[PDB]
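Written out below as structure tokens is the structure these notes cover.
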Amino acid sequence: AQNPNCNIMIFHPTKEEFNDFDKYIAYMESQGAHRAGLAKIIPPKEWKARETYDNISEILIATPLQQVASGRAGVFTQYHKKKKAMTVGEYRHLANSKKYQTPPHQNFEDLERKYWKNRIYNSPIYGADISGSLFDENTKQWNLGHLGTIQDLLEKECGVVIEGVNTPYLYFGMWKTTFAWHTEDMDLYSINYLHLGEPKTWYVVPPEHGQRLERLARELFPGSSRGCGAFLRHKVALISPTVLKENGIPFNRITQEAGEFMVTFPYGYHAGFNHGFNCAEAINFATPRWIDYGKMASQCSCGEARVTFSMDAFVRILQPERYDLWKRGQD
Ligand SMILES: O=C(O)CNC(=O)C(=O)O
Ligand SMILES: [Mg+2]
Ligand code: NI
Ligand SMILES: [Zn+2]
């Protein structure tokens with residue numbers, strides 16, 4: 001068995017290996033990368049996503065989100081308070097202000113210490129989930145707006161044609177902006193490219209151990225657990241590495257820098273934080289190996305998780321017994 005300790009693997013494809021996206025994902029899995037739940041891909045030195053980032057300031061963040069925490073430093077939830085619209089140039093200036101800017105630090109480990117000590121005492125503002133792309137149309141390799149669609153994969157594997165579309169999303173971050181513990185919708189893959197700015201630190205639980213994280217979460221968030229049998233689908237709960245270690249939960253960590261891709265694998269729980277002003281692009285995708293995970297994915301039916309149009313068909317075809325209840329949740 002390849003990668004039996006489920007370590008995060010880092011890949012350096014050549015420009016020739018960067019041509020065929022599906023083939024390279026399958027290669028990474030042949031080396032055991034999926035066992036970690038997360039892999040890093042450093043693009044060949046010849047590649048670029050676009051020529052410059054000098055002209056992005058007029059992108060609008062229609063609904064910036066202030067991430068307000070409740071709980072203790074290592075075990076907290078966050079809710080998202082909607083703020084007034086602002087441009088990316090306006091948001092960058094805000095991120096760099098004395099109130100929000102990254103503090104002085106020695107190295108990534110010192111900054112990580114400061115994050116977990118102090119996150120709950122601040123409310124950073126995140127520009128999340130903005131439909132769009134920063135890849136140039138002429139970038140032919142690993143262009144996250146030109147991937148094979150999940151609808152087409154389901155049709156290729158299972159023969160059923162379904163409605164729905166699959167487009168990327170932009171994220172503009174600042175110091176302490178936080179992504180809560182989650183797997184993807186329908187336990188899909190994700191791919192995330194950090195276009196510019198400061199790093200993103202990730203934490204991940206191997207897919208084979210995901211239920212250990214879920215059992216801890218039910219213990220740590222007991223009210224939320226009674227409310228919903230899949231409350232991590234709400235994407236609001238944080239648990240620190242110290243607390244994970246105290247409870248014996250297997251996990252790994254890695255820091256993504258500008259110019260690097262991360263891939264999350266089916267049923268790989270992940271969480272993390274931004275180091276300072278940055279911009280990322282991410283999208284979900286599927287492979288043949290995903291289908292069995294899609295069929296077994298948990299679902300939120302309490303009404304909180306509310307998701308895209310295109311998840312309807314995935315539930316309807318892969319999970320017909322659950323469909324009626326899940327759709328009641330959506331309506
Ligand atoms: O970058 C973020 O805020 C969160 N991203 C992801 O969870 C992802 O790419 O799967
Ligand atoms: Mg612009
Ligand atoms: Ni994710
Ligand atoms: Zn729910």
Side-chain angles (χ1 to χ4, degrees), residues 36-39 50 52-62 77 79 85-92 126-130 132-134 136 144 168-173 177-196 200-205 207 210 213-214 217-218 221 223-238 254 256 261-274 279-286 290 293 297-305 307-308 311 315 322 325-327 329-330:
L38 184 65
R50 67 177 303 109
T52 79
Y53 293 88
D54 293 335
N55 304 113
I56 68 170
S57 304
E58 315 308 309
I59 294 171
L60 193 67
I61 309 170
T77 61
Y79 81 92
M86 75 183 69
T87 65
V88 163
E90 290 161 340
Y91 177 84
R92 180 176 63 231
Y126 206 173
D129 293 313
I130 296 161
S133 184
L134 292 170
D136 183 317
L144 298 190
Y169 293 92
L170 302 178
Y171 302 79
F172 290 94
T177 53
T178 302
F179 53 109
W181 282 106
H182 69 284
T183 63
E184 303 304 306
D185 287 349
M186 218 71 185
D187 296 345
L188 281 160
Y189 296 72
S190 68
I191 181 164
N192 180 303
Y193 182 67
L194 192 50
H195 280 282
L196 64 95
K200 185 187 295 290
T201 292
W202 300 68
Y203 304 90
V204 58
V205 175
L213 182 66
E214 294 172 351
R218 293 191 302 271
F221 304 98
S224 293
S225 180
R226 287 186 287 272
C228 180
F231 76 94
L232 295 176
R233 296 285 169 206
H234 309 167
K235 311 192 305 185
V236 301
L238 281 299
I254 195 169
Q256 177 192 20
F261 291 90
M262 305 299 297
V263 166
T264 84
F265 294 86
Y267 197 59
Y269 273 102
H270 54 282
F273 64 90
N274 296 305
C279 172
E281 181 171 340
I283 199 178
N284 299 115
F285 71 93
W290 167 68
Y293 289 89
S298 64
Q299 305 297 356
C300 170
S301 312
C302 76
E304 281 300 306
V307 303
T308 185
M311 228 190 94
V315 183
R322 289 183 172 172
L325 184 72
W326 171 82
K327 196 168 34 63
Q330 241 51 340

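Counting convention: from 1, in listed order, for ligands and their atoms alike. In this chain, residues are counted from 1 in sequence order.
- An angle of 90° is found at the Ni ion (ligand 3) between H182 atom NE2 and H270 atom NE2, rounded to 10°.
- A donor atom on one side chain and an acceptor atom on the other are found under 3.5 Å apart for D129 and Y171.
- Among the heteroatoms counted here (N, O or S) of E184, OE2 is the one nearest to the Ni ion (ligand 3).
- Taking every heavy atom of both residues into account, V204 and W181 meet most closely at N-CH2, 4.0 Å.
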Side chain to side chain donor-acceptor pair (under 3.5 Å) assessment of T183 paired with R233: CA-CA 8 Å; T183 63; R233 296 285 169 206; 3.3 Å; yes

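- When rounded to 10 degrees, the angle formed at the Zn ion (ligand 4) by NE2 (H234) and SG (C228) equals 110°.
- When ring centroids are compared, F179 and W202 come within the 6.0 Å threshold.
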